[PDB]
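In the form deposited in one PDB entry, a lone chain appears below as structure tokens.
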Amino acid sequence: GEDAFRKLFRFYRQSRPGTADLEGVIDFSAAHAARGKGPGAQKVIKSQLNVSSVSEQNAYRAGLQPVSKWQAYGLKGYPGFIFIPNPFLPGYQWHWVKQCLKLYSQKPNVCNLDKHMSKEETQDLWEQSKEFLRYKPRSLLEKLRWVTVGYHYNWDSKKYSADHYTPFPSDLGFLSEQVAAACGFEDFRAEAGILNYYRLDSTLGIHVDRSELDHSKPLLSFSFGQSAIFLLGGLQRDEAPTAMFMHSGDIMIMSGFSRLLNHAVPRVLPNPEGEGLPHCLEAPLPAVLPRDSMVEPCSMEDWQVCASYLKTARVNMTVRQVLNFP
């Protein structure tokens, strides 16, 4: 580009994995004393979690490790910003990817394959995808770009849909509220969410989520599949951002003034052998889940679709409290 955020976004978009092009990116999943990079790594600080605020039972029920096993970080100069590397129990990411791909995209919610009205939804998305695999044209699941849950934009009023509120998925609600509680938002309520589905060449340009405090509540950002490069900038659009990786299962929480910062995803990184899954996903969802659990079993035919999809995709979930938002 021409200004410093656009320069870095283009840099990272055109960057070569596996070379020193990325030695400037923070990896919160690396074991260091905030070194090795220059300016980025030096900003990394521990952030304290409200460990007593999420019981063991409730973490487990959510598919999470016990909050006391979590690590969490901020960045000097970015108030309200918390980064938590994958706190999910092994296998449990598969549940949330399944829900995003198969259930949440189901028609009561709104997706990009129409604006807000309905197009003729011929041939259920999931069961086509199931039989695109069995038999050797662009999949209906491969075309999905975003999905709104809870609150849905109308695009003419430029505000949320009048008479179309859909109930917020209570498993994703429980998970979000456990994380938000441990970040010290024990009253948080999940009410509006967006699911973003990226291919390996998909990007997200420089943007802010909202422009107003006085109604701003915390926003949580989940990630699954391939890693992305995340750029976190400032209130004005040409302040140079800080680059960081989002690996499968990482969670970012934005509150306070962080909620207003310009951010971006310039790059979804391919698996280093071009097609394949991150290591944390090499664990399957247990066969026997706890009876009191908010997660449900996953079927082989469902897993196969997810496993094939994610080889070249990143799934993003953002969840926020409402009581809006370019």
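Each residue number is its position in the shown sequence, starting from 1. Whichever C-alpha set is largest while still superposing within 1.5 Å between the two forms counts as the rigid core.
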What number of deposited residues lacks coordinates in the span between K136 and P137: none, 1 to 3, 4 to 9, or 10 or more?
-> 4 to 9
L323 to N324: deposited residues not modelled, binned count -> 4 to 9
Higher mean Cα B-factor in the deposited model: 281-289 or 61-69?
-> 281-289
Entry B factor averaged over C-alpha atoms, 89-97 against 112-120: higher for 112-120
In this PDB entry, which of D250, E131, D209, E191 has the top CA B-factor?
-> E131
Out of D214, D201, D187, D171, highest CA B-factor residue = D214
Assert third(CA B-factor, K46) within chain per record equals middle
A20: CA B-factor among chain residues, third -> highest
Relative C-alpha B-factor of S255, binned into the chain's lowest, middle or highest third = middle
Within-chain third of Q106 by Cα B-factor, per the entry = highest
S227 CA temperature factor, ranked by third within the chain | lowest
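Beyond what is shown, the protein has a form deposited in another entry; the following relates to that form.
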Listed options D187, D156, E131, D201; Cα moving by 2 angstroms or more between the shown form and the other one (core superposition) = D156
Exceeds or equals 2 Å, Cα of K107 between the shown form and the other one, core fit | no
Exceeds or equals 2 Å, Cα of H215 between the shown form and the other one, core fit = yes
Residue pair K46, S216 - Cα distance in that other deposited form, closer or farther (3 Å or more) = closer
Cα distance between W155 and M317, which in that other deposited form differs by 3 Å or more from this form, closer or farther = closer
